[PDB]
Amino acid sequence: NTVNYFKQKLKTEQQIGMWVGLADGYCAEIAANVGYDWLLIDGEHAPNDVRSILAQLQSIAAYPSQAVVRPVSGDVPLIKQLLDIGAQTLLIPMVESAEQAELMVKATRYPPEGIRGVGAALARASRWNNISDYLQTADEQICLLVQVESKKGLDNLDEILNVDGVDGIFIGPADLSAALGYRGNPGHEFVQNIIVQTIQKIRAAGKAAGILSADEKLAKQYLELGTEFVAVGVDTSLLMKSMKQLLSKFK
């Protein structure tokens, strides 16, 4: 019902993901019909706000695909809002220290242990108190993933990996390749060797490892490493690419 199946499957299987940046309920529903294990509603790099993410959670809710929401940043009030509209799995960009990851764990948990604002009567998260024990049980079905995607993030990796309540570390190859001076070129061996080592350290610390690659060969290679959550394409890239390919057959 509101069991976080993406959260349970981190320990259980490898989950194939689709990036959703078309930023509307109608597009999110089309993606939701395909059968991806997870759909990333991108609040960071697509023109989304709280209301458009809600619309996309409502579309996707009818379908087995599990929703993961990336906020624009690790903003504690915005995390409060996204949890209340019922986003059960968050991906926080650009996480750079154990202290920042601990703030994000606290942002996802109610007082007295955390700092998640309490407003269950008003929340789709509680179905407006129609889930009777929401305030006692919400935490069990919240999944927190953080992105390592900067030099400082790699510099604090072991420390982030010992933070209790971080379920998964996701590697951002676009941000990380740029930070490493290989902007636009994550396929470089220098970047790939750091990514592979990063995945191994994530899985050796008992956390789930995730990544995005539209490159089919790199995606399969990440899956052979045991990477637990692999996004394998992007709705905007697939729409543009297929329309271009179709046109080139007639130019």
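Sequential numbering from 1, following the sequence displayed.
Across the two stretches, 60-68 and 181-189, the PDB entry reports the greater mean Cα temperature factor for 181-189. For the segment pair 204-212 and 39-47, the entry gives 204-212 the higher mean B-factor, averaged over Cα atoms.
Comparing the C-alpha B-factors of 130, 88, 150, 73 in the entry, the top value falls on 130.
Ranking 96, 84, 175, 140 by the C-alpha B-factor listed in the PDB entry places 140 at the top. For residue 10, the recorded CA temperature factor ranks within the highest third of the chain's modelled residues. In the deposited entry, the Cα temperature factor of residue 135 places it in the highest third of its chain's modelled residues. When the CA B factors of the chain's modelled residues are split into thirds, the value for residue 111 lands in the middle one. Among the modelled residues of its chain, residue 145 has a C-alpha B-factor that falls in the lowest third, as given in the PDB entry. Among the modelled residues of its chain, residue 117 has a C-alpha B-factor that falls in the lowest third, as given in the PDB entry.
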